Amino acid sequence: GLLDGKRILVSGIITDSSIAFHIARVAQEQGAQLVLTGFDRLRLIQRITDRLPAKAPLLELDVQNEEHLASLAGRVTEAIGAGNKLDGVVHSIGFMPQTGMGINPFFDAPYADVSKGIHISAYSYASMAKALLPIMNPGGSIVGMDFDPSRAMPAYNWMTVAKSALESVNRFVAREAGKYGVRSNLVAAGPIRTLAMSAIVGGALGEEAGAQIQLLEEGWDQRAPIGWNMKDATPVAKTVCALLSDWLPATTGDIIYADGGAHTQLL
């Protein structure tokens, strides 16, 4: 097993399409012992997490909630047992109010909405690192999920800004994590048919932004030298497990692109 003997916390499962679900599945297949965290609808998440290869504790974590964050290391320790620490942490979380995305004009998003999006999508990467680094082993790994925001694009709007902020946060988390002998990296994935995406795609069913999204998806597979299948989160899940393993031990503050190589090609 790639992750045999490792204890890994995975946030972000909401459906069986969640990138986090597939990260969790592949990690368990590779021998990892998981602790899962979920937001809002815990009973629902439990039903999904029951479909994984193996049992795992499920803890509540709303990254907006300072009490949840303050108690997290303690609750995790209770789950994995005193004297044990985490080897990995996966941040697979994001949010942006509907005003900040889709067909909504970029200029019409109130800062209150943008700020909430940045809180959950970017700042919380630092929040989770702050909470969990004190219970991580040397050689450990923190991984977050990114969508390449180096260029602007239709529809993604303020989430692009939140991802740009996340990339910057990741470089600073790496400075802190290094003191614990821990790496911090992001995986920039290509588009995957998840609940999050269905909210975006669904919000523009018939408008120009919806058409633009479909064009972006077609262009992605065309540009990717090895192609890109939006229906398959496995290549992304494997990439996250690679960073969680001991096989990328000199990479930190960085971004690994699991996108079919699309970002390396203009056309």
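Just count from 1 along the sequence shown to find any residue number.
Practice problem: For the higher mean C-alpha B factor in the entry, choose 176-184 or 148-156. | Solution: For C-alpha atoms only, the mean B-factor is higher in 176-184.
Quiz prompt | Mean C-alpha B-factor comparison - 254-262 and 240-248, higher one | solution = The recorded data point to 240-248.
Quiz item: Highest Cα B-factor in the deposition, which of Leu216, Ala224, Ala70, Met230?
Solution: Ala70 has the highest C-alpha B-factor of those listed.
Quiz item: Split the chain's modelled residues into thirds by Cα B-factor; is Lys130 in the lowest, middle or highest one?
Solution: CA B-factor rank for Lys130: middle third.
Quiz item: Looking at the C-alpha B-factor of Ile142, is it in the lowest, middle or highest third of its chain?
Solution: Its C-alpha B-factor belongs to the lowest third of this chain's values.
Quiz prompt | CA B-factor placement of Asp113, once the chain's modelled residues are sorted into thirds | solution = For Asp113, the deposited C-alpha B-factor lands in the middle third.
Practice problem: Within this chain's modelled residues, let me know which third the CA B factor of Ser121 belongs to: lowest, middle or highest. | Solution: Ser121: CA B-factor falls in the lowest third of its chain.
Quiz item: Would the CA B-factor of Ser168 place it in the lowest, middle or highest third of its chain?
Solution: Lowest third - that is where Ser168 ends up once the chain's C-alpha B-factors are sorted.
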